[PDB]
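Structure first, commentary second.
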Amino acid sequence: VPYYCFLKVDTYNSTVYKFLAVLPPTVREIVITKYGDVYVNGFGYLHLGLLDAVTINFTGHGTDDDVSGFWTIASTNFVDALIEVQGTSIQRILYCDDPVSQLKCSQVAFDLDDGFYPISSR
Amino acid sequence: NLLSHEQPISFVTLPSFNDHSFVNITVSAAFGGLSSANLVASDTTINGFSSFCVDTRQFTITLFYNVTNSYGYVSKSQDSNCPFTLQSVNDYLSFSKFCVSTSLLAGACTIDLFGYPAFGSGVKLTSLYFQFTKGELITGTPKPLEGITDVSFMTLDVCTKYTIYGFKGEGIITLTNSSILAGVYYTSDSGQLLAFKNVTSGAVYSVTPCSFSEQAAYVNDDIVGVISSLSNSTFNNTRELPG
Amino acid sequence: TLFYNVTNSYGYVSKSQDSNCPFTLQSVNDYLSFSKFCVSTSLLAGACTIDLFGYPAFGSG
Amino acid sequence: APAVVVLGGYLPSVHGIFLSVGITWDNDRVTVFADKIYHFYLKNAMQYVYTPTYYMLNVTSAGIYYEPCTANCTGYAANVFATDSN
Amino acid sequence: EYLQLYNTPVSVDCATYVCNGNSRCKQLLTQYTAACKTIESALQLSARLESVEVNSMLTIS
């Protein structure tokens, strides 16, 4: 069937249901941010308050599909990274944690011609 | 394009059933004085309360006026410190949250409603304070608009007055088989909509403006031919060239 | 310093600020400098506004 | 499809039993393997499994060809990696 | 007759100019995609071109 999905909002002596969407059969990532944002397939559907925590109770995959190998939960922090996107999909990543990588991700280049490039002191 | 402003309206939004609540706003006042017309006993309510916040994915705002002028009629106007007017909120505007109050709210815009009981300086009947956030889930609407899996409607291949995920314009919407795996809409560097998904299906649709630019060959005070992207035009012959 | 003395029977209140102003109450404390400074509950001549809001049951404050 | 893939959980060579089919339990969840494989939520050959196990296999369309796998086999599957330092 | 051979080249560190070394501003500046690249490399690739033209017409014997 089509699945109609709701936030059950619980408060000190109440429950309310806010309707979200007819959830498409084609979701592949959910990312929930500490600052309240929930992004589904890379798009930010929801904004919410600061979160203390999340509980999950995910139910195992539908065993008529391939259902071999792993699905992954990543605990993560925000960082500036240079990303190359093709067809909306990440091809490559570079992390601006060091002064050679901060040069690359200031010139928006994964690799550079020899030269003198302006950099700030650390 | 010859369409004489008979053009269809289109509305594409994240998949919904008809999930509708009205924000009925009642404004009330009484008037008196025989030397000049002046205002007493004003009150305002939103669904019968003093403040309201929308939880349903569609709403309509309505004004009811319940004005009792002895001089026979009242004319009415609005001042808006706001990116909408009440009658415009209904014309498919999309929000993340939307709350309305007869008293100030943290970020609020004001719509002030005025009555002119004897022509000259009017009087404030009420002030409505709107707190809202630009977003995707809650849409203003004219009337509860029917559907079971989706609320959306499109006319394809014809110039349409579209609202698509909060982008407004005139354009031709065409199904393209260039499926794209992330996001919901794709925009130019110019911040204009180029394509969007019907996210309950995966199908992607492309938006093109319904009048394209051309160059007119003008010679001896007539247009003798036109250079175009289009396969058809008012001239009786057409020729295809590489570009 | 702000003291709130709010007596909500529903157990708690969240509180927020709007500034038509080049500061916020806790930022005035962070070494700002002035030639004069007056505060009132009623409108002073050149004045900016800080408006203080409570949310006693969540939604409209 | 005819592909090369890695899988794990509790499965053959306390948290599960296997027979010649089987039952496995962890984290308030029970998985039953029969002709089809099933899941349930429940608070807390005659072969017994005490520790998680991994297998790497490649498919003949009959999946029958495989090698048992050590620690650190998870990094073969395409949607998982060993996270680097920092 | 006087003929100018060269212009004294100038270079900018766009993050230092725009943000005064404020970290939260650098974090915002990276959202303006390649605004810095398209300033810095226009000044650096021009300062390089002057260096190779002028040092290559000043062939001493």
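By order of appearance in the structure tokens: chains A, B, ..., then residues from 1 within every chain, and ligands from 1 in the order shown.
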Using only C-alpha atoms, which chain B residues lie at most 7 Å away from chain C, written as a PyMOL selection string? chain B and resi 51-53+99+105-106
Env of residue 7 (chain B): 8 Å cut, atoms = only C-alpha atoms, seq-sep filter 4 positions within chain, self excluded. Answer as a PDB file with C-alpha atoms, in the first residue's frame.
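In the end it all went to selection.pdb:
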```pdb
ATOM      1  CA  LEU B   3      -2.852  31.299 -25.543  1.00  0.00           C
ATOM      2  CA  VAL B 158       1.104  23.717 -22.529  1.00  0.00           C
ATOM      3  CA  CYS B 159       2.119  27.086 -21.029  1.00  0.00           C
ATOM      4  CA  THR B 160       1.077  26.832 -17.314  1.00  0.00           C
ATOM      5  CA  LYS B 161       0.930  29.146 -14.282  1.00  0.00           C
TER       6      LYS B 161
END
```
Within 10 Å of chain A, which residues belong to chain C? Use only C-alpha atoms and report them as a count of residues only. 5
d(CA of residue 84 (chain B), CA of residue 169 (chain B)) in Å: 16.8 Å
Would you kindly return, as a VMD selection string, each protein, DNA or RNA residue with an atom no farther than 12 Å from any atom of region 9-17 of chain D, considering only C-alpha atoms and excluding same-chain residues fewer than 2 positions away? (chain A and resid 68 to 70) or (chain D and resid 6 to 7 19 to 33 44 to 55 67 to 70 74)
Report as a list in words the set of chain B residues whose atoms approach chain A to within 8 Å, with distances computed over only C-alpha atoms.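 So the contacting residues turn out to be residues 14, 15, 16, 17, 19, 55, 56, 57, 96, 136, 137, 149, 150, 180, 181, 182, 183, 184, 199, 200 and 201 of chain B.
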Mind listing the strand (DSSP E or B) residues of chain C, per DSSP on the backbone, as a PDB file with N, CA, C and O atoms, in the first residue's frame?
```
ATOM      1  N   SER C  14       9.379  28.179  28.141  1.00  0.00           N
ATOM      2  CA  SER C  14      10.546  28.578  27.349  1.00  0.00           C
ATOM      3  C   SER C  14      10.454  30.063  27.046  1.00  0.00           C
ATOM      4  O   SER C  14       9.343  30.554  26.856  1.00  0.00           O
ATOM      5  N   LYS C  15      11.584  30.774  26.992  1.00  0.00           N
ATOM      6  CA  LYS C  15      11.645  32.229  26.810  1.00  0.00           C
ATOM      7  C   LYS C  15      12.611  32.635  25.706  1.00  0.00           C
ATOM      8  O   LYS C  15      13.667  32.021  25.555  1.00  0.00           O
ATOM      9  N   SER C  16      12.260  33.648  24.926  1.00  0.00           N
ATOM     10  CA  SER C  16      13.013  34.111  23.749  1.00  0.00           C
ATOM     11  C   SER C  16      13.007  35.629  23.629  1.00  0.00           C
ATOM     12  O   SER C  16      12.254  36.306  24.318  1.00  0.00           O
ATOM     13  N   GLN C  17      13.876  36.182  22.787  1.00  0.00           N
ATOM     14  CA  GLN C  17      14.018  37.621  22.559  1.00  0.00           C
ATOM     15  C   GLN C  17      13.956  37.963  21.071  1.00  0.00           C
ATOM     16  O   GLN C  17      14.540  37.260  20.248  1.00  0.00           O
ATOM     17  N   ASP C  18      13.316  39.076  20.726  1.00  0.00           N
ATOM     18  CA  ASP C  18      13.442  39.762  19.432  1.00  0.00           C
ATOM     19  C   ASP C  18      14.112  41.128  19.624  1.00  0.00           C
ATOM     20  O   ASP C  18      13.657  41.898  20.467  1.00  0.00           O
ATOM     21  N   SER C  19      15.152  41.442  18.849  1.00  0.00           N
ATOM     22  CA  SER C  19      15.841  42.733  18.886  1.00  0.00           C
ATOM     23  C   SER C  19      15.581  43.539  17.610  1.00  0.00           C
ATOM     24  O   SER C  19      16.077  43.180  16.545  1.00  0.00           O
ATOM     25  N   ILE C  50      13.768  45.542  22.663  1.00  0.00           N
ATOM     26  CA  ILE C  50      13.862  44.109  22.929  1.00  0.00           C
ATOM     27  C   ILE C  50      12.469  43.689  23.369  1.00  0.00           C
ATOM     28  O   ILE C  50      11.935  44.264  24.311  1.00  0.00           O
ATOM     29  N   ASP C  51      11.872  42.706  22.718  1.00  0.00           N
ATOM     30  CA  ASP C  51      10.602  42.124  23.140  1.00  0.00           C
ATOM     31  C   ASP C  51      10.866  40.721  23.661  1.00  0.00           C
ATOM     32  O   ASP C  51      11.552  39.939  23.013  1.00  0.00           O
ATOM     33  N   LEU C  52      10.355  40.414  24.842  1.00  0.00           N
ATOM     34  CA  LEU C  52      10.547  39.148  25.535  1.00  0.00           C
ATOM     35  C   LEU C  52       9.277  38.322  25.438  1.00  0.00           C
ATOM     36  O   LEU C  52       8.191  38.810  25.752  1.00  0.00           O
ATOM     37  N   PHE C  53       9.415  37.072  25.039  1.00  0.00           N
ATOM     38  CA  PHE C  53       8.312  36.160  24.770  1.00  0.00           C
ATOM     39  C   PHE C  53       8.411  34.908  25.619  1.00  0.00           C
ATOM     40  O   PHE C  53       9.511  34.460  25.910  1.00  0.00           O
ATOM     41  N   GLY C  54       7.271  34.337  25.992  1.00  0.00           N
ATOM     42  CA  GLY C  54       7.151  33.037  26.637  1.00  0.00           C
ATOM     43  C   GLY C  54       6.311  32.070  25.806  1.00  0.00           C
ATOM     44  O   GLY C  54       5.349  32.486  25.167  1.00  0.00           O
ATOM     45  N   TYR C  55       6.622  30.777  25.856  1.00  0.00           N
ATOM     46  CA  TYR C  55       5.876  29.698  25.197  1.00  0.00           C
ATOM     47  C   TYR C  55       5.362  28.686  26.241  1.00  0.00           C
ATOM     48  O   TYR C  55       6.027  27.683  26.497  1.00  0.00           O
TER      49      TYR C  55
END
```
How many Å lie between CA of residue 117 (chain A) and CA of residue 13 (chain E), rounded to one decimal?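 Those two atoms sit 9.0 Å apart.
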Taking the DSSP secondary structure from the backbone, can you list the residues of chain C that are helix (DSSP H, G or I), as a ChimeraX atom specification? /C:25-28
Could you tell me how far CA of residue 198 (chain B) lies from CA of residue 8 (chain A), in Å and to one decimal? 26.0 Å
Which chain A residues have any atom within 8 Å of an atom of chain E, and for each, what is the nearest pair of atoms with distance in Å to one decimal, counting only C-alpha atoms, rows sorted by chain and number, as a tab-separated table?
```
residue	atom	partner	partner_atom	distance
A:80	CA	E:27	CA	7.9
A:106	CA	E:37	CA	6.8
A:107	CA	E:37	CA	4.9
A:108	CA	E:34	CA	6.4
A:116	CA	E:44	CA	7.6
A:117	CA	E:44	CA	7.6
A:118	CA	E:13	CA	5.6
A:119	CA	E:13	CA	6.7
A:120	CA	E:13	CA	7.2
```
Take the residues from that selection and write them out as an mmCIF file, in the first residue's frame, keeping C-alpha atoms.
```cif
data_model
loop_
_atom_site.group_PDB
_atom_site.id
_atom_site.type_symbol
_atom_site.label_atom_id
_atom_site.label_comp_id
_atom_site.auth_asym_id
_atom_site.auth_seq_id
_atom_site.Cartn_x
_atom_site.Cartn_y
_atom_site.Cartn_z
ATOM 1 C CA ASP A 80 34.433 21.595 5.435
ATOM 2 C CA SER A 106 40.613 27.396 -1.264
ATOM 3 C CA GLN A 107 41.461 27.047 -4.996
ATOM 4 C CA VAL A 108 38.453 24.619 -5.415
ATOM 5 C CA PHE A 116 52.679 30.534 -5.595
ATOM 6 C CA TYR A 117 49.273 30.508 -3.856
ATOM 7 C CA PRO A 118 48.230 32.939 -1.074
ATOM 8 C CA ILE A 119 47.693 31.241 2.338
ATOM 9 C CA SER A 120 47.068 32.669 5.837
#
```
For chain D, list the residues within 9 Å of chain A, counting only C-alpha atoms, and write the list as an mmCIF file with C-alpha atoms, in the first residue's frame.
```cif
data_model
loop_
_atom_site.group_PDB
_atom_site.id
_atom_site.type_symbol
_atom_site.label_atom_id
_atom_site.label_comp_id
_atom_site.auth_asym_id
_atom_site.auth_seq_id
_atom_site.Cartn_x
_atom_site.Cartn_y
_atom_site.Cartn_z
ATOM 1 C CA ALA D 1 22.456 -11.780 -9.350
ATOM 2 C CA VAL D 5 29.350 -10.472 -1.549
ATOM 3 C CA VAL D 6 29.971 -10.698 2.241
ATOM 4 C CA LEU D 7 27.434 -11.382 4.995
ATOM 5 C CA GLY D 8 27.383 -11.833 8.757
ATOM 6 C CA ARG D 29 15.156 -9.230 18.316
ATOM 7 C CA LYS D 36 12.231 -18.134 3.982
ATOM 8 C CA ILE D 37 13.877 -15.903 6.668
ATOM 9 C CA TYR D 38 11.817 -13.882 9.234
ATOM 10 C CA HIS D 39 12.187 -11.267 12.059
ATOM 11 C CA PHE D 40 10.348 -10.626 15.369
ATOM 12 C CA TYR D 41 10.589 -8.268 18.390
ATOM 13 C CA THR D 74 33.212 -6.286 6.639
ATOM 14 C CA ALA D 77 31.050 -4.855 0.975
ATOM 15 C CA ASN D 79 28.576 0.429 1.193
ATOM 16 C CA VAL D 80 30.888 0.070 4.288
#
```
I want to know what sits within 10 Å of residue 235 (chain B), based on only C-alpha atoms, with residues of the same chain fewer than 3 positions away left out; could you give that as a list in words? residues 224, 225, 226, 232 and 238 of chain B
Could those residues be written to a file, using C-alpha atoms, as a PDB file, in the first residue's frame?
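Saved result, again16.pdb, follows:
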```pdb
ATOM      1  CA  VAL B 224      11.633  38.811 -43.783  1.00  0.00           C
ATOM      2  CA  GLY B 225      12.644  35.877 -41.602  1.00  0.00           C
ATOM      3  CA  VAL B 226      13.296  34.825 -37.987  1.00  0.00           C
ATOM      4  CA  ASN B 232       6.998  26.027 -36.147  1.00  0.00           C
ATOM      5  CA  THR B 238      10.885  26.631 -42.389  1.00  0.00           C
TER       6      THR B 238
END
```
